[PDB]
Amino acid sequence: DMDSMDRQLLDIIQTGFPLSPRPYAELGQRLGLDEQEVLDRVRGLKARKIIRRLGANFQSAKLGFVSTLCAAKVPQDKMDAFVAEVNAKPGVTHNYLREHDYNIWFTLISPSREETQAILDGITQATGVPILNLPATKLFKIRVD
């Protein structure tokens, strides 16, 4: 789908796109390419969508944010209003209908355990539906590709 130079480039820039004033030149120096060809190549890979984004990816916890998984038993008659209150929240990034009495499961991220609970309490006050706040206290091993 691309040449070995592009695979070398990606291998470098998935670990780390360089922090220097002329990053393409640093990459060009390392790859045996002129600066403009490395930009041309990055721009082509982005436009073929093999590069989805070029930028920062943050570790939530280190920015002071906490995350949780929430669950509710949502009667058919409250489903629409519940789902809208949940999806309205910018810190809800996943929301799923699932096959169980606890049929609505969503993640919620915020700056603090207290802010998260106030969000959940507001949802329940708007919909009459109680919510279980289920934060993880232990993680056993996590991978991505």
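All residue numbers refer to positions in the sequence shown, first residue = 1.
Undergrad: Please compare 85 to 93 with 46 to 54 and say which has the higher mean C-alpha temperature factor in the record.
TA: According to the entry, 46 to 54 carries the higher average C-alpha B-factor.
Undergrad: Output the stretch having the higher mean C-alpha B factor in the entry; the candidates are 27 to 35 and 102 to 110.
TA: Per the PDB entry, the higher value belongs to 27 to 35.
Undergrad: Can you tell me which third, lowest, middle or highest, the CA B-factor of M79 falls into for its chain?
TA: Highest third.
Undergrad: Going by the entry, which third of its chain does the Cα temperature factor of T124 land in?
TA: Middle third of the chain for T124's C-alpha B-factor.
Undergrad: Can you tell me whether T15 has a C-alpha B-factor in the lowest, middle or highest third compared with the other modelled residues of the same chain?
TA: Highest third.
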